[PDB]
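A look at the structure
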Protein chains: 2
Amino acid sequence: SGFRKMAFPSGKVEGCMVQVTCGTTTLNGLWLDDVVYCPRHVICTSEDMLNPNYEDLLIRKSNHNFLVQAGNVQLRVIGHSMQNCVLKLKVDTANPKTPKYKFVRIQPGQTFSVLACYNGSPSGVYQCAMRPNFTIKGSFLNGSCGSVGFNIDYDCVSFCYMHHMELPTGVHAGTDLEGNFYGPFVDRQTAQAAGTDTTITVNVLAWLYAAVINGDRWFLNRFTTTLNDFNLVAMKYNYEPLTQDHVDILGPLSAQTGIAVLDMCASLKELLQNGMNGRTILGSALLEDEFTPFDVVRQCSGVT
Amino acid sequence: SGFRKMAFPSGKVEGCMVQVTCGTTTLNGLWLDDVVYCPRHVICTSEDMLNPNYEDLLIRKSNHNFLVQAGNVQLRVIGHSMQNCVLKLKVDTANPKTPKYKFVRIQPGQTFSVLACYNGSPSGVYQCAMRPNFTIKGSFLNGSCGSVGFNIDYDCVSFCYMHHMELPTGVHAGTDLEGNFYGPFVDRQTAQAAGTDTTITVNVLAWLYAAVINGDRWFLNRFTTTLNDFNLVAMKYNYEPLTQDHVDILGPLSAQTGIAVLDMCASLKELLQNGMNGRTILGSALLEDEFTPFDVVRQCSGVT
Ligand SMILES: CCC[C@@H](C(=O)Nc1cnccc1C)c1cccc(Cl)c1
Ligand SMILES: CCC[C@@H](C(=O)Nc1cnccc1C)c1cccc(Cl)c1
């Protein structure tokens, strides 16, 4: 029993972190096989970041300009190339600690763990969600660029995020490992609007099931609703509309607790319309949306 | 910017996790040098747990009865001994992945990361606090016994906790790595009262400073208070009394933000007396006490 914002064990990712330096800028790199991946803005100076011409900046660079250091050893760079917003530095040595891995592009509302790094050294690990507007609410300081987000299934690390920047609003933006930004963001020091965010409804419902499993049941009521009625409330409170696909993914949690998905929607509707009345659910005084149905089943069963 | 419930990178601890089996029971072990540490209740059967005579149960056991498996390799047990509530199984092979380490006994109100494990395999990592009543509010299922709590300074892992049990209330109890329980708990399947818990005042103040650093400032007010006046409010709301030692540890955060500790106490007093009025602080709708002043400075500066 108990329910925590649990991150994946970061060990397999810690063994991939390196430091990349180009000129005066130092950030983090991900060493997988004989390739080091990092944000392409490692080639920029302060003056460049306002409106960088990355193709032109990279032309002034050579393999010997990218200094890559894994712990205390120096990697020999034999090639460099830009793919979207990431740089791929081919090195002469495959990382011996390379775990089984995949590069995935997650969907908004999905979760992942972030291993925050500075100077190629891991500082901490936390779990978070890719917001519906493609931003993440992380904890990153200058030099955290290149830190990555990932999920782990058995022995396979699926890398899904690489940190690139902090928006003037204090929220974070980044790319998939092919260097494609999530959302409309560009790697430029310019004001950039993030979309209107919404609360991930399927995740709040999953967390409500996790609460029932762990004993917090005060929010259960004598009511039910329909997808259409629930969605009218979801609209009013800027929640994502619930679809049959979301209902389907909640199937196992509904089966385990015997609480029909639409009956749980009616508890959520009442919580949206009345608030929590000074009470808590799983130690939170608000509706939590950073746990997917998969996360809840994993944590509630003991998946290693 | 941003503020997260960050756990230490778990890599150094993952390389120490093993599975220990004795008879029908399987739990987690911590392999450091040539010793494997685990909860002594690994020797118990279901009938034993109600009132176990551990000295007598261990006498029926031999080195060959403790099966210790690190991943897929089998460790040869050359000695066994009970120290308080832990068993120390001497093995013929030192763990090659043994990091620099210490065994520490943390104080109530201090924080640490937990690497939840099952069958010797890591499942997740989360940060938590040792409650003032010596319980922890973790996330543990059957088989998580033997999982450990730790802190990391540079390259040194200080192990501070080993999980032993879940109280009927759903809260967790465990020992230091010398097998001494935190609190009055005994490793028996019996109803056990945990003390009246209190909120860790120094930690809430530290988190209020973290909020100001990251932009959440709505709670700052035109007031101040004294240690005596603040403690009268702390008493009413079951908060730990604030001492000059707590004020002293908040010194750096007070210096960084220029907000005197007693002025921050007056914001906390107003929040205790008025609630949050439907607002949030660092994404929380309640007063967070699982971040120490050290944690806040570490996260806010970038300590790796
Ligand atoms: C002058 C470089 C700043 C860097 C940047 O946001 N880093 C950063 C990241 N996370 C937290 C804090 C910080 C300061 C950046 C700005 C604009 C666009 C891009 Cl691609 C990068
Ligand atoms: C019948 C063994 C149960 C075990 C126990 O609480 N495990 C456990 C731990 N964390 C979460 C869930 C669980 C089921 C235990 C009970 C009483 C005392 C002791 Cl020392 C151990």
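This deposited entry lists X-ray crystallography as its structure determination method and 1.559 Å as its resolution.

**Considerations on the relation of the copies chain A and chain B**
Under the fitted operation, chain A is carried onto chain B by 0.0 Å of movement along the axis and a turn of 180 degrees, and the coordinates agree to an RMSD of 0.0 Å. Taken together, the turn and the small shift mark the pair as related by a two-fold rotation axis. Taking C-alpha positions as reference, the residue of chain A nearest the rotation axis is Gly 11 of chain A, located at 1.8 Å. Interface residue correspondence from chain A to chain B reaches 100%, placing this contact among same-surface, isologous pairings.

**Quick notes on the interface of chain A and chain B**
Facing 43 residues of chain A, the contacting portion of chain B comprises 43 residues. For the chain A and chain B pair, buried surface summed over both sides reaches about 3,000 Å², with 53% attributable to carbon and sulfur atoms. Where chain A touches chain B, the interface holds 2 salt bridges. Where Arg 4 of chain B meets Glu 290 of chain A, a salt bridge forms, and the shortest distance between an N and an O atom there is 2.8 Å. Put simply, chain A and chain B have 21 residue pairs in polar contact between them. Elements supplying a minimum of two residues to the side of chain A that touches chain B: α1 (11-14), β9 (111-118), β10 (121-129) and α8 (293-301) of chain A. Here the side of chain A that touches chain B is composed, by residue class, of 17 nonpolar, 19 polar and 7 charged.

**Some details on helix α4 (residues 227-236) of chain B**
Residue and element names in this part refer to chain B. Taken together, the buried positions of α4 are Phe 230, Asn 231, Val 233 and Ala 234. Projected onto a plane normal to the axis of α4, the buried residues spread over an arc of 160 degrees and lie on a single side. In α4, the exposed positions angled more than 90 degrees off the buried face are occupied by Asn 228, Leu 232, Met 235 and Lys 236. In the segment just after α4, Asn 238 is the residue with positive phi, at about 50 degrees.

**Focus on the site of ligand 2**
Residue and element names in this part refer to chain B. In the region of ligand 2, 14 residues are neighbours, and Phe 140, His 163, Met 165, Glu 166 and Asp 187 sit closest. Side-chain polar atom of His 163 to a nitrogen atom of ligand 2: 2.9 Å apart, as the coordinates give it. If ligand 2 stood free it would expose 510 Å²; the protein chains cover 83% of that surface.

**Some details on the packing of helix α3 (residues 201-213) of chain B against helix α7 (residues 261-274) of chain B**
Residue and element names in this part refer to chain B. In the contact formed by α3 and α7, the axes pass within 10 Å of each other and the chain directions differ by 100 degrees. Considered as vectors, α3 and α7 are oriented roughly perpendicular to each other. Judged by residue contacts, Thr 201, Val 204, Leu 205, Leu 208, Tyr 209 and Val 212 of α3 engage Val 261, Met 264, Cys 265, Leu 268 and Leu 271 from α7. Grouping the constituent residues of the contact of α3 with α7 by class yields 10 nonpolar, 1 polar and no charged.

**Overview of the site of ligand 1**
Residues and elements named next belong to chain A. Taken together, 14 residues lie around ligand 1, and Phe 140, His 163, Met 165, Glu 166 and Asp 187 are the ones closest in. In the environment of ligand 1, a nitrogen atom lies 2.9 Å from a nitrogen or oxygen atom belonging to the side chain of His 163. The fraction of the free accessible surface of ligand 1 (510 Å²) that becomes covered by protein chains is 83%. Here the residues of the shell around ligand 1 sort into 5 nonpolar, 6 polar and 3 charged.

**Comments concerning the sheet that holds strand β2 (residues 25-32) of chain A**
Residue and element names in this part refer to chain A. Taking strand neighbours across the sheet as the criterion, the 7 strands line up as β5-β4-β1-β2-β3-β7-β6 in an open arrangement whose pairing is antiparallel. What marks the edges here is a single partner per strand, and that holds for β5 (73-75) and β6 (77-83). Taking the axes of each pair of neighbouring strands and ignoring which way they run, one obtains an average angle of 30 degrees across the sheet.

**Considerations on the environment of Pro 168 of chain A**
Locating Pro 168 of chain A in the fold gives a position in the loop between β12 (156-166) and β13 (172-175). In sequence terms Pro 168 of chain A and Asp 155 of chain A are 13 residues apart; their C-alpha atoms lie 37 Å from each other.

**Description of unusual backbone geometry**
Residues and elements named next belong to chain A. Residues other than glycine seldom take positive phi values, yet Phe 134 does so here, at roughly 75 degrees. Mapped onto the fold, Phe 134 is located in the loop between β10 and β11 (148-153). Exposure remark for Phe 134: the relative accessible area of 28% places this residue in the partly exposed category. The phi dihedral of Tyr 154 is positive, around 65 degrees, even though this residue is not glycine.

Calculation notes
- Residues numbered from 1 in each chain as written, not as in the entry; some residues may be left out.
- Chains lettered and ligands numbered in written order.
- Heavy atoms only, no water.
- Least-squares fit on C-alpha atoms.
- Contact = heavy atoms within 4.5 Å.
- Buried area = accessible area lost by both parts, 1.4 Å probe.
- Salt bridge = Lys/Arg side-chain N within 4 Å of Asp/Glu carboxyl O.
- Polar contact = N/O pair within 3.5 Å; in protein donor to acceptor, adjacent residues only side chain to side chain.
- Helix = DSSP H or I, 4+ residues; strand = E, 2+ residues; numbered from the N terminus.
- Nonpolar A, V, L, I, M, F, W, Y, C, P; charged D, E, K, R; others polar.
- Buried < 20%, exposed > 50% of the residue type's maximum accessible area, 1.4 Å probe, protein only.
- Arc of directions from axis to C-beta.
- Near = heavy atom within 4 Å.
- Areas by Shrake-Rupley, 256 points an atom, 1.4 Å probe, with all protein chains shown as cover.
- Axes fitted to C-alpha atoms, helices over the stretch in contact; angles between N-to-C directions.
- Parallel < 35°, antiparallel > 145°, perpendicular 65-115°, else oblique.
- Pairing = 2+ DSSP bridges.

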